[PDB]
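For the numbers below, each heavy atom of this structure counts, side chains included, while hydrogens, waters and symmetry mates do not. To find a chain, count down the sequence lines: A is the first, B the second, and so on, and within it residues start at 1.
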Amino acid sequence: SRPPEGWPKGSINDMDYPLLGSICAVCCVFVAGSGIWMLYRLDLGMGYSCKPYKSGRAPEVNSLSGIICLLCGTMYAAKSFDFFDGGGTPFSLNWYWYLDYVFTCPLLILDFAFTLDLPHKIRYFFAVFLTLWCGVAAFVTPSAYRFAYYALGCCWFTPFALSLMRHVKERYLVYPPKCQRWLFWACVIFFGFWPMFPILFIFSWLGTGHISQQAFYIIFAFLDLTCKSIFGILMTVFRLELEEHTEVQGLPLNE
Amino acid sequence: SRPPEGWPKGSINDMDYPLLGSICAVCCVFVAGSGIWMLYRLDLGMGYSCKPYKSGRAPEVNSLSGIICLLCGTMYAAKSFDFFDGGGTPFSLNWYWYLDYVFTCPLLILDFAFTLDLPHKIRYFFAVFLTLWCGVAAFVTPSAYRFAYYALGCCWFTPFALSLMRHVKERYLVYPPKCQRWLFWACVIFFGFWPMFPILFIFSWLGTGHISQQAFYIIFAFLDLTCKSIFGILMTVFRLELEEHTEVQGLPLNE
Amino acid sequence: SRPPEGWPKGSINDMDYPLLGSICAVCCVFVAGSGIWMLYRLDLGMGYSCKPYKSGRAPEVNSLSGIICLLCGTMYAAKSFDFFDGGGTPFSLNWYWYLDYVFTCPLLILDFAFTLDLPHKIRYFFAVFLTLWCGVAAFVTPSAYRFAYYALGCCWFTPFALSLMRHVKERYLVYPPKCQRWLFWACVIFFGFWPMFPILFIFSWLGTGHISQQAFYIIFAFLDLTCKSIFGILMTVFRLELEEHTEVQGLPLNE
Ligand SMILES: *C/C=C(C)/C=C/C=C(C)/C=C/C1=C(C)CCCC1(C)C
Ligand SMILES: *C/C=C(C)/C=C/C=C(C)/C=C/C1=C(C)CCCC1(C)C
Ligand SMILES: *C/C=C(C)/C=C/C=C(C)/C=C/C1=C(C)CCCC1(C)C
């Protein structure tokens with residue numbers, strides 16, 4: 001507890017620290033486990049037939065899905081320690097909302113872009129990075145300028161979102177049906193869930209005031225499990241399907 | 001105002017926050033606009049004849065000019081919000097001088113090096129990054145060691161500057177006359193203006209004490225407009241000229 | 001001295017600041033000198049016979065050894081300034097243990113991996129980065145959770161260490177005897193000294209309490225000289241030997 005006597009009663013920080021700690025310890029194991037599986041299955045070979053790589057090693061970039069999970073899992077361990085130490089600790093990843101995501105979100109979009117061979121990899125990376133930084137600023141600012149920062153971040157996000165939706169619909173047809181399945185669910189996650197983040201900001205204690213900070217933590221735990229683990233599992237299987245088509249069976253894309 | 005009652009009268013922080021806010025809001029629009037133009041014109045094709053790219057997309061690195069402007073423009077929006085909120089806000093890019101430049105200056109030098117194909121891209125990047133960090137330290141330190149940090153930064157900068165001047169004069173002759181024009185003005189900016197930054201430090205309130213902090217902000221706004229926007233416009237046109245020569249008209253460099 | 005009247009007598013901060021300052025000023029010169037030599041010798045050509053590069057420039061990645069030294073040397077200058085200013089200064093690289101290493105350690109492992117062509121360059125980089133971050137957290141935390149953070153970091157380090165040891169033994173045989181000599185001493189440094197860092201944490205004031213913080217600084221100065229300078233000199237000579245074999249004399253590896 002940052003205050004010597006502990007958090008003032010009825011403060012935004014007056015939460016149920018044990019439950020919070022626990023939820024993150026579970027989030028940690030499951031995300032880290034999924035990441036471990038991801039890197040292990042990448043090392044078996046190419047496709048469901050686990051065809052051996054010619055160089056005897058997998059492409060460097062294919063490791064990102066799994067790395068992102070382990071980075072997230074490591075951060076949720078840290079976060080558990082903070083909650084179990086009662087909150088407001090000197091190395092707290094709970095304190096500055098969105099700072100942890102400044103390290104993962106841009107990696108996620110790289111993962112996605114490398115997997116599909118989207119254009120403008122660098123533009124996409126920076127767009128996400130700036131959006132996340134605007135969130136950090138929005139949460140630490142107490143004036144109304146909090147919303148100036150939120151709007152700046154929407155200025156980045158909205159073009160980014162439309163641009164991506166357009167690019168993805170262009171590559172969708174290239175791929176064979178069986179790969180199209182996995183990509184669709186990946187898109188539901190990206191186009192369905194990413195917009196949830198900025199909508200929660202509005203209903204939080206820093207907006208309308210409908211959702212407490214404790215609730216905010218729990219919701220984000222579920223959102224991170226979906227946007228890192230499930231997303232990574234769907235990226236993995238999309239590559240196994242693709243490889244089976246192109247490498248194991250040696251067939252061409254529609255292009 | 002960081003102090004509850006506000007900045008002490010006659011302090012370095014006793015400035016004209018509205019005017020400061022405004023200058024940055026304008027700097028923001030103009031820099032962000034220029035960056036937008038830069039990425040748009042890159043997407044039209046190759047050269048003044050807008051020849052279509054073979055891959056149907058432009059090279060990744062060519063996006064840096066434009067990205068650097070948008071990053072700068074986003075930072076000047078943030079800075080506006082701080083000034084209009086009266087200064088000393090929790091997320092202030094005005095507070096720690098030179099911290100914003102730790103993100104742009106090294107990208108600028110990469111942009112320049114990729115464009116000309118200078119050697120030692122990594123050496124050049126680190127040289128700039130360290131110089132900028134020495135500036136950060138020089139400004140936060142109140143002892144005379146402030147000048148120890150300044151000198152350390154000159155130790156990095158001075159070799160870097162001479163090294164670059166030598167490399168650039170080697171590539172200048174390679175290029176055809178029409179491209180040589182644009183490169184010369186780019187060089188005037190780099191060799192004329194970059195040295196201005198360290199000379200202003202000496203005459204600031206942290207050196208001789210001739211230039212107030214308010215003035216320091218205004219001067220830097222003009223310097224950033226020149227070193228990011230105009231520089232980026234000159235990099236853009238140099239590539240359009242070069243492409244017209246090599247790709248549209250298919251002629252060789254002197255080399 | 002961070003406290004106005006200065007460090008309380010008999011505090012962990014009640015050290016011999018002048019001696020500390022001096023040790024770092026020497027560490028600074030020697031490391032920076034070694035780095036300078038490294039980049040100079042790289043520019044002479046390929047091998048002991050200094051065969052000219054075909055492109056007329058050396059590979060970008062070969063610069064990392066030397067860059068890492070100069071980055072370390074610049075940081076030890078900063079650290080000298082802090083000690084000579086008596087400690088607890090606003091820009092102190094002495095204050096947060098392990099924060100400086102968050103910038104060098106991952107670069108070191110990249111250097112090593114590029115030199116040997118180890119697989120999983122990105123995995124290796126992140127593994128080191130996370131380990132170092134866990135150290136930072138372990139040192140700032142005052143509860144017992146300090147050890148939770150230490151253990152998390154061992155979870156990263158231990159697999160990383162075994163994985164590397166396995167990969168290196170696979171590449172050792174590839175290389176000719178004369179190169180094998182240099183690689184062995186590089187391995188002694190990596191496998192002998194890297195494990196020293198986490199063992200010192202246990203005997204420090206934050207563990208059993210056998211080694212003072214002053215002593216901790218001195219030990220780390222010697223460890224950094226070994227893990228950056230000597231290591232870099234051994235990487236350099238390994239490349240000169242390798243090049244003499246493969247490029248100057250045009251012979252094949254065992255593979
Ligand atoms: C793993 C975490 C993910 C996928 C997080 C995504 C977060 C966003 C896309 C957040 C968006 C924001 C804005 C568009 C505006 C204000 C700030 C944010 C961060 C809430
Ligand atoms: C867009 C911003 C640019 C181009 C800034 C450039 C800044 C410098 C080259 C500053 C140089 C410095 C030194 C050489 C010594 C002390 C610290 C600085 C940052 C003032
Ligand atoms: C140039 C500096 C080097 C090579 C430093 C290496 C440091 C380590 C490998 C430190 C390891 C740690 C752990 C394994 C656990 C706790 C934290 C550390 C940083 C002491």
**Student:** Answer yes or no: does atom CZ of A:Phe191 have more than 12 heavy-atom neighbours from other residues, nucleotides or ligands under 6.0 Å?
**Tutor:**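 Yes, CZ of A:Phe191 has more than 12 neighbouring heavy atoms, counting only those of other groups under 6.0 Å.
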**Student:** Residues of residues 22-42 of chain B under 4.5 Å from chain A (heavy atom pairs)?
**Tutor:**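 Only B:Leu39, B:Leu42 of residues 22-42 of chain B have a heavy atom under 4.5 Å from chain A.
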**Student:** Do other residues, nucleotides or ligands put more than 12 heavy atoms under 6.0 Å from the CH2 atom of B:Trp7?
**Tutor:**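 Count over threshold, so yes.
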**Student:** Could you tell me whether the side chain of A:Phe126 reaches within less than 4.5 Å of the side chain of B:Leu107, counting heavy atoms only?
**Tutor:**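 Answer yes - side chains close enough.
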**Student:** Is any residue of residues 161-176 of chain A within less than 4.5 Å of chain B by heavy atoms, and which ones?
**Tutor:**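 Heavy-atom contacts from residues 161-176 of chain A to chain B are absent.
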**Student:** Please identify, among B:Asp85, B:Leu71, B:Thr89, B:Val61, the residue contributing the most non-hydrogen atom pairs under 4.5 Å to chain A.
**Tutor:**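 Going by pairs under 4.5 Å, I would pick B:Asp85.
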**Student:** Which residues, numbered in order, of residues 142-157 of chain A come under 4.5 angstrom of chain B by heavy-atom distance?
**Tutor:**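 Interface residues of residues 142-157 of chain A: A:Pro142, A:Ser143, A:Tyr145, A:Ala148, A:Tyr149, A:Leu152, A:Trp156.
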**Student:** For B:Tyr53, does the OH atom have more than 12 heavy-atom neighbours from other residues, nucleotides or ligands under 6.0 Å away?
**Tutor:** yes
**Student:** Quick one: pull up OG1 in B:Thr74 and CZ in A:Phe129 and give me the separation to the nearest 0.5 Å.
**Tutor:** 11.0 Å
**Student:** If you count heavy-atom pairs within less than 4.5 Å of chain A, which of B:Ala78, B:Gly56, B:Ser55, B:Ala77 leads?
**Tutor:**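 Greatest number of close heavy-atom pairs with chain A: B:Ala78.
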**Student:** Hey, which residues of residues 113-124 of chain A are touching chain B, say heavy atoms under 4.5 Å apart?
**Tutor:**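 Those residues of residues 113-124 of chain A which have a heavy atom under 4.5 Å from chain B are A:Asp117, A:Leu118, A:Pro119, A:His120, A:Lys121, A:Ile122, A:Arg123.
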**Student:** Is the number of heavy atoms from other residues, nucleotides or ligands under 6.0 Å of B:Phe103 CZ greater than 12?
**Tutor:**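 No, the 6.0 Å shell around CZ holds no more than 12 heavy atoms from other groups.
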**Student:** Flag the pair A:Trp133 / B:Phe91 as yes when at least one side-chain heavy-atom distance between them is below 4.5 Å, and no otherwise.
**Tutor:**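 Yes; the side chains approach each other to less than 4.5 Å.
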**Student:** Within a 6.0 Å radius of atom OH on B:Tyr48, are there more than 12 heavy atoms belonging to other residues, nucleotides or ligands?
**Tutor:** yes
